[PDB]
Amino acid sequence: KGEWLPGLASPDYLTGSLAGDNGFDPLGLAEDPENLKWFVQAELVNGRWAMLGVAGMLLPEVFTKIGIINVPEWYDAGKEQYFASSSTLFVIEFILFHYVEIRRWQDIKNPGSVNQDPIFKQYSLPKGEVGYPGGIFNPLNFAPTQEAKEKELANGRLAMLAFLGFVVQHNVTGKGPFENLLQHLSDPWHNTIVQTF
Amino acid sequence: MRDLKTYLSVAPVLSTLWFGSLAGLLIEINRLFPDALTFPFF
Amino acid sequence: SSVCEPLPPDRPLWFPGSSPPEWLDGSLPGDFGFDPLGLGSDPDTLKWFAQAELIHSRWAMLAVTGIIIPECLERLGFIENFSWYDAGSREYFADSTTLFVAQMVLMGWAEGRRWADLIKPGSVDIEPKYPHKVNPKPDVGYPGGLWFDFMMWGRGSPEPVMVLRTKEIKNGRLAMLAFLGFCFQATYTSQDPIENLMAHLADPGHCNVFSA
Amino acid sequence: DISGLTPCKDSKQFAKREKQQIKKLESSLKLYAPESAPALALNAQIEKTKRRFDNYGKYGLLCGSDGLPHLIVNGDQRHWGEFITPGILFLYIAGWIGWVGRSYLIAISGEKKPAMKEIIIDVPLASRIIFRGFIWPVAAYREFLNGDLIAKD
Ligand code: CLA
Ligand code: CLA
Ligand SMILES: CC(/C=C/C=C(C)/C=C/[C@@]12O[C@]1(C)C[C@@H](O)CC2(C)C)=C\C=C\C=C(C)\C=C\C=C(C)\C=C\[C@@]12O[C@]1(C)C[C@@H](O)CC2(C)C
């Protein structure tokens, strides 16, 4: 499905069946098919978590600057005092993430294994493809068409690099992302990476 | 040039080219960042 | 009409009376058998070296133009303080390092498309298709195209294609040497090329390289 | 202050070592004219020495009674930059090399006479294989899980 470098050919292991299959495997990582179907899931989950992360560390900032709601800037957001401790959050984020991630693990190991509740055994999940559970993960029931999966993976690949840009625009700049965007739009030819270094 | 690229592909010529490039890299790094004993960049 | 016919074996050589090498039959433009060392033995690499010569010559031609024409305008009184070998040190916006990375991005796109042409000819095709019309398959380095052959001079309209490509290559080899002269005699004289020309034309005998 | 070592920005013996080396360089600097080239090289070495000692001060190095930067390689986060952050940076690069030279050896393993590619390295094949080892850790991980890392004899 398309090609990322027209001078290069899509490898034989990327047949275009998968969503987002522009043939980008220059370093031959998904050459074994097991690695391919594992890295599909790793891409989907890193991209979905990156979308949530970017949306949770940028949208706070574009609302802080305009003054709609004041909220911290994602790096001074840890040191704030919350209704629990700094580690209690880690305890909960371990207890009820181990359960959901090991069930996703059992799904990406064998697909039809884990779809019904432990407690309410009637409320099963439909037999969707791996990495796309559906059911209560689809309450509005927007269809998982291949174009939608491609849109998912594209926004996710974009949000991953956006998070990387955030980490490196706080590691060697010191300021937030949206402040860096306003600094770029102030004078684009004088507020870039090749002025900081 | 045919059969010169095969000679330059040979293990000693290729090793001296690789290690000359690598040694120049290390040498210029030590010029840029001399006297290093820690990695403080994190 | 458009075949890229080569030069004959009894063509003019760089060194008359000498034997041209067997890997310079004449398929390339500007083939005069220049190979004292024989760097174009492997034809799969001689193709890359022909593309290298072509692009090198085109850049050298645009460069010698951008050196001598603007110096003529400076002598005419259009541009101030012009000196090509100090025109990178002088002031612009964007610090000359933001300019460099923007240049590398844009020229990376352009030269990457050209690279994809070189590795596999039909990958990056341009001159968009039209119904019931066939755009001719071009050669590497001479894409033709609506963007690079808008006057349709490449398929052999005013002159044949071989003599026009030979014109490109010979004019451009001359420009490559002109730019080498620029890069050498602007540092061993620390002066202007056109100034050096008028200085040698003043007294050709004693105003040569041996004075300095 | 681990292992009974004062930090190097606070150690008097470290500053004494700095001053001793600086005086040793200045005593060699007097013999040359202040504008001459040996003198300028000695002065550049003097600033190099001064900023070297300042950088060993600021990077948390610990100095002993002898007054020399000791490396705490145990695992304390304050000194990861002494051993572990370089060490990973070694195991990456080293594991690049071995993952490249191994992969190359697997790519020229299926030739007729595969020994004439050991001594005459296929630069195109080697250049294709070299950057495969950029993200080598995931390839080695998966090949360990897929069993392709260990030959089955
Ligand atoms: C095995 C024992 C050993 C060890 C551990 C060291 C360790 C060290 N020596 Mg000693 N040395 C040794 C043996 C050893 N040496 C021997 C045998 C000799 C005699 C030949 C010397 C002679 C010697 C001298 C004369 C000097 C050192 C110096 C150094 C320091 C190196 C600083 C440097 O340039 O690296 C900097 C780092 C590099 C060069 C690695 C760069 C690698 C490249 C750029 C790739 C990395 C990026 C990569 C892409 C990954 C990025 C991640 C991601 C984005 C992809 C370091 C403390 C120097 C020093 O500072 O003194 C303390 C110095 O002046 N050593
Ligand atoms: C970018 C430079 C460049 C390149 C790659 C080529 C490539 C080619 N030329 Mg062209 N040529 C050039 C510049 C170049 N030429 C210039 C400047 C002149 C005029 C002086 C000519 C005049 C010329 C003639 C008359 C003919 C060719 C021919 C050829 C082909 C065979 C030779 C070969 O493979 O050499 C490969 C060359 C290189 C890889 C470049 C050499 C690089 C090394 C390191 C030496 C550089 C140092 C140099 C000697 C410094 C000059 C010193 C100064 C005092 C003069 C090949 C397509 C023959 C042909 O068939 O035409 C198509 C032919 O008959 N060339
Ligand atoms: C999951 C993710 C980010 C998740 C972020 C989250 C939850 C953020 C949460 C927070 O911010 C909030 C909301 C609020 C703050 O108060 C708290 C924190 C906690 C800070 C990023 C993944 C980020 C992942 C990244 C950047 C991955 C990049 C990978 C690339 C470029 C891969 C390239 C290649 O692998 C291919 C594709 C194919 C190979 O063949 C070739 C090569 C070239 C090797």
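In the order they appear, the protein sequences are chains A4, AJ, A6 and AF. Counting with the entry's author numbering, you get residues 54 to 250 for the letters of the first sequence. Counting with the entry's author numbering, you get residues 1 to 42 for the letters of the second sequence. Counting with the entry's author numbering, you get residues 55 to 266 for the letters of the third sequence. Counting with the entry's author numbering, you get residues 68 to 220 for the letters of the fourth sequence. Note that the Cβ used here is the ideal one computed from N, Cα and C, for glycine as well.
Could you tell me if the beta carbon of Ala117 (chain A6) falls within a distance shorter than 7 angstroms of some heavy atom in ligand 2?
-> No, Cβ of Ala117 (chain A6) sits at least 7 angstroms from all heavy atoms of ligand 2.
DSSP on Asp98 (chain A6), reduced to helix/strand/coil?
-> Correct three-state label for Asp98 (chain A6): helix.
Grab the span of the alpha helix (DSSP H) containing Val220 (chain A4) for me, first residue to last.
-> First-last of the alpha helix (DSSP H) with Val220 (chain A4): 199 to 224.
Within the 8 angstroms Cβ cut-off, does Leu78 (chain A6) reach chain AJ?
-> False, the Cβ-Cβ gap to chain AJ never drops below 8 angstroms.
Kindly list, in the order they appear in chain AF, the residues whose Cβ is closer than 7 angstroms to that of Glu87 (chain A4).
-> Residues of chain AF passing the Cβ test: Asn213.
Looking at the C-beta of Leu80 (chain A4), does it have a partner C-beta in chain AF at a distance below 8 angstroms?
-> The beta carbon of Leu80 (chain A4) falls within 8 angstroms of a beta carbon belonging to chain AF, placing the residue at that interface.
Determine, using beta carbons only, whether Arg31 (chain AJ) comes closer than 8 angstroms to chain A6.
-> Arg31 (chain AJ) does not count as touching chain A6.
Near ligand 3, which residues have their beta-carbon less than 6 angstroms from any of its heavy atoms, given in chain order?
-> Environment of ligand 3, chain-ordered: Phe77 (chain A4), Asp78 (chain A4), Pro79 (chain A4), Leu80 (chain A4), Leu82 (chain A4), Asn99 (chain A4), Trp102 (chain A4), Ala103 (chain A4), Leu105 (chain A4), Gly106 (chain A4), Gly109 (chain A4), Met110 (chain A4), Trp127 (chain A4), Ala130 (chain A4), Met213 (chain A4), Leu214 (chain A4), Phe216 (chain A4), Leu217 (chain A4), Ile202 (chain AF), taking every residue with Cβ within less than 6 angstroms of a heavy atom.
C-alpha distance - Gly162 (chain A6) paired with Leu61 (chain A4), whole-angstrom precision = Within the model, the alpha-carbon separation for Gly162 (chain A6) versus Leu61 (chain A4) is close to 16 angstroms.
Starting from the C-beta of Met230 (chain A6), find all residues in its chain whose C-beta is less than 7 angstroms away, skip the five residues before and the five after it, and write them out in chain order.
-> A distance below 7 angstroms between beta-carbons, with the five flanking residues on each side excluded, links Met230 (chain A6) to the following residues of its chain, in chain order: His110, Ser111, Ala114.
Cβ-based contacts, 8 angstroms cut-off: residues of the stretch 70 to 101 of chain AF near chain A4 = The residues in question: there are none.
Taking only runs that begin and end inside the stretch 136 to 211 of chain AF, name each unbroken alpha helix (DSSP H) of 4 or more residues, in chain order.
-> Complete alpha helix (DSSP H) runs here, min 4: 147 to 174, 190 to 197.
Beta carbon of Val194 (chain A6), beta carbon of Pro175 (chain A6): below 8 angstroms?
-> Yes. Within cutoff.
Sorted by chain position, which residues of the same chain lie with C-beta nearer than 8 angstroms to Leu235 (chain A4)'s C-beta, five sequence neighbours on each side aside?
-> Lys118.
Between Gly162 (chain AF) and the rest of its own chain, which residues show a CB-CB distance below 6 angstroms, the 5 nearest in sequence each way excluded?
-> Annotation for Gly162 (chain AF): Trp203 place their beta carbon closer than 6 angstroms to its own, counting only its chain and skipping 5 residues before and after.
Closest residue to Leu214 (chain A4) among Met104 (chain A4), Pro59 (chain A4), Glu182 (chain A4) (Cα-Cα distance) = Nearest option by C-alpha distance: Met104 (chain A4).
Residue-chain proximity (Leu93 (chain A6), chain AJ), Cβ-Cβ < 8 angstroms | The Cβ of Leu93 (chain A6) sits closer than 8 angstroms to at least one Cβ of chain AJ.
Answer with yes or no whether the minimum CB distance from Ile202 (chain AF) to chain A4 is below 8 angstroms.
-> When Cβ-Cβ separations below 8 angstroms define contact, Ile202 (chain AF) makes contact with chain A4.
Residue range of the unbroken alpha helix (DSSP H) whose run includes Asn225 (chain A6) = Unbroken alpha helix (DSSP H) run through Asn225 (chain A6): 215 to 239.
Measuring CA to CA, which of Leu8 (chain AJ), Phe41 (chain AJ), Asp35 (chain AJ), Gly24 (chain AJ) is closest to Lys115 (chain AF)?
-> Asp35 (chain AJ) is the residue among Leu8 (chain AJ), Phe41 (chain AJ), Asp35 (chain AJ), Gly24 (chain AJ) whose C-alpha sits nearest the C-alpha of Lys115 (chain AF).
Any C-beta of chain AF under 8 angstroms from that of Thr38 (chain AJ) | Taking Cβ atoms only, chain AF reaches closer than 8 angstroms to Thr38 (chain AJ), which makes this a yes.
Starting from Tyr128 (chain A4), follow the alpha helix (DSSP H) in both directions and report where the run begins and ends.
-> No alpha helix (DSSP H) holds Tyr128 (chain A4); DSSP gives it neither H nor E.
Would a C-beta distance cut-off of 8 angstroms place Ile186 (chain AF) and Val13 (chain AJ) closer than the cut-off?
-> It is not a contact, given that the beta carbons lie outside the stated cut-off.
Min CB distance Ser9 (chain AJ) to chain AF below 8 angstroms = It does: the Cβ of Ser9 (chain AJ) has a partner Cβ on chain AF nearer than 8 angstroms.
Beta-carbon separation (whole angstroms), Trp166 (chain AF) vs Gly214 (chain AF), contact threshold 8 angstroms = That pair is no contact at about 17 angstroms.
State yes or no: is the C-beta of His223 (chain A4) nearer than 7 angstroms to some heavy atom of ligand 2?
-> Not under cutoff, so the answer is no.
Alpha-carbon to alpha-carbon, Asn225 (chain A6) and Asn250 (chain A6) | The alpha-carbon of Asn250 (chain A6) is positioned some 22 angstroms away from that of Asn225 (chain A6).
What does a CB cutoff of less than 7 angstroms around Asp89 (chain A6) pick up in its chain, not counting 5 residues either side in sequence?
-> Non-local C-beta neighbours of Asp89 (chain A6) in its own chain, meaning closer than 7 angstroms and more than five positions away in sequence, comprise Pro75, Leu78, ordered along the chain.
For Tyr196 (chain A6), three-class secondary structure by DSSP | Correct three-state label for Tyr196 (chain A6): strand.
What residues of chain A4 sit near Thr151 (chain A6), judged by a beta carbon separation below 7 angstroms?
-> What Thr151 (chain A6) touches in chain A4: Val247.
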